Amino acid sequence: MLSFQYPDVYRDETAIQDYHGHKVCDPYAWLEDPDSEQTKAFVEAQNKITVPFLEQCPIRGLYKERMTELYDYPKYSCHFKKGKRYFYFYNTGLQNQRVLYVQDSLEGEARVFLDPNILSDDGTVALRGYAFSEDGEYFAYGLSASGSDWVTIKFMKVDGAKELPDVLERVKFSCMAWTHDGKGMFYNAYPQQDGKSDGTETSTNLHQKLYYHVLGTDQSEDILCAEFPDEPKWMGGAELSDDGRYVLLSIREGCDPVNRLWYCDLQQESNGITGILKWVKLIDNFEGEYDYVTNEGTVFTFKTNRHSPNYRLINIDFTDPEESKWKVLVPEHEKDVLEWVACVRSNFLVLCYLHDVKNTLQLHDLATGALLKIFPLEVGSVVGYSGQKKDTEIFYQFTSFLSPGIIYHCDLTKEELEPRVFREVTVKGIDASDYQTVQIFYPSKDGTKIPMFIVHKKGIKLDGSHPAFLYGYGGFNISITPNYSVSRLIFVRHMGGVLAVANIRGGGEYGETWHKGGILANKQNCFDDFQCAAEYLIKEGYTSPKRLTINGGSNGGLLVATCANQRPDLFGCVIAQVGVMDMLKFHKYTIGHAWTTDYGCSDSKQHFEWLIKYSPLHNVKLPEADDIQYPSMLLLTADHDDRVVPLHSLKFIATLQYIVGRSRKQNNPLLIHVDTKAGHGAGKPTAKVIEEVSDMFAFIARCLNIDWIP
């Protein structure tokens, strides 16, 4: 099968660094420079062997045609009301980017409000963040080019969709919050830096500042309202309280779900907003999360994890602020994770819990916390919601493994609350009734029970004959919940596959104790959990090692790359998307410093000792056994991925191809594809999504020699 040669790639054998006494060689360090002729030539040589490999077999075309056909269905957001008008996002099916629509009534004719598709030929300019003024008459929105985290904020007057001159540059990881006087908006920006700021650079992002922009002015007049020059990693995000009286500042450092909470009573400002605000440091440490829900005068309701790993709701009175005085409004549940909360219709709270990786939605009274109404849902996820304090109705969107999504509406003025199907769409071609979802709980190495979802065609023999696609992430308190994937269901229907998603430690499925179980010294639990998931599928007869594919993105790309290294005999195929591969240097680039809360940092001897043991870049080793090789491996990245700089995948594939690729016994291909005008994934246009999944399943099909089933 291996009918190509790996490119020649220079090894700088002088690149030796000391880490607390451990000499580490980094011969591909030079790939850290994206702009060098040498790096650009490496990328070209790699894509030159990958693309033909992927496009040789007729199955890529079959898959791409079936994907294009089945992905072609109406895709809606929830309606949301802003001032006098309703808005919703809608894609007719195959538009590169969804379009924002407006209508003046829920029953009236909608018209295009903002259409990103016209800002590029190829859909690579995307919306990234927006905020309407409190009255709904003005609109701010962020645009990113080529998948970069960098944003430009532009502005419109809603009536007539009129473009305004205001443009805010150097926006990244930013809040967007209008003061209720309609005068201007808070946002975040980074100081100027040498070299490029377009998504191709690797330069670290530090000293993020909080600014206020007055509408109708140039950015250079913007007011600096908060900054932390002694704490270059601190990021201060602003929001206004529901009554418009207070600015709330959530200062983060790293990805841990914790924040300082400062406030500014805007009425107490000496002459409106003219400089650094008179911040009151309500919570001035990083011990807990405080997520603003609503207030009633000085009584502020927050979702918190303080003393509550599964989260709870507390009331802090600004006039009696000590911790011992706080009221517990809705206590922590013993198992169920309180994911998010919203206040609607003045005195209702909407609460969304995660119960064994499935969502429930409940309505509660604001005054007492008492449960009032359960909104009935099938097994799956709530992935969209609208309804804020002033609103008298909610919309919410539900999805699962086997159904695209239903949007419900519920009129909260009604004595009897009966939610109703507002929009529902049928993907004809994949009959949901042909398949089943099961959830099982398997023991990991240390005996911890891990959930796993398995989706498969009804009445299959568990004889180990099926190809399988096992997905994980495992990190950053993120829960991996049921979602509708056309691309995955084709694998099932047309490649006879079994799909699995393992809810490994590191994620948020069981609150902070679950997150804490997959970070720092205990990161290895994630990899152990994920290996055990594979072994469960094998032992139980869903698949065999030779037919098993694993997949993960970002922190999940780390997960699958590490698993490739640690248990190469367990997997036939590995697809690592935009993965963190160099665990010794991740912190040096763009926003990487923020991930040390999950990973630790190599500057510390203790942390270095954890990291060296699983860092994919540092653990490529020919398997000792003669009969064991590395799985077929495909790394996917893109030249504007400034979330996870592509040097991670570049150095890793260079190492895979040298250490393992050159051995006689290695016949499984080790490839990388580096896309252009794309980044980490968010905002990727439909055309690129389709190319991507076609590439991935074609790789699987060729490596495992899977027949297409029409």
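The first residue of the sequence shown is number 1, and the count goes up from there.
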* Read off the CA B-factors in the entry, average them over 49-57 and over 666-674, and name the higher stretch. => 49-57
* Stretch with the greater mean C-alpha B-factor as recorded in the entry, comparing 426-434 against 358-366 -> 426-434
* Asked: What's the residue among 557, 507, 447, 236 with the greatest CA temperature factor in the PDB record?
  -> 447
* Structure fact -> From the entry's CA B-factor values, the highest among 636, 343, 167, 78 is 78
* To do: Would you mind ranking residue 567 by its C-alpha B-factor against the rest of the chain and naming the third, lowest, middle or highest?
  => middle
* Record-listed C-alpha B factor of residue 660: chain third -> middle
* Using the B-factors in the PDB entry, rank residue 327's C-alpha atom against the chain and give the third, lowest, middle or highest. => middle
* Structure fact -> For residue 645, the third of its chain by CA B-factor is the lowest
* residue 339: which third of its chain by C-alpha temperature factor? -> middle
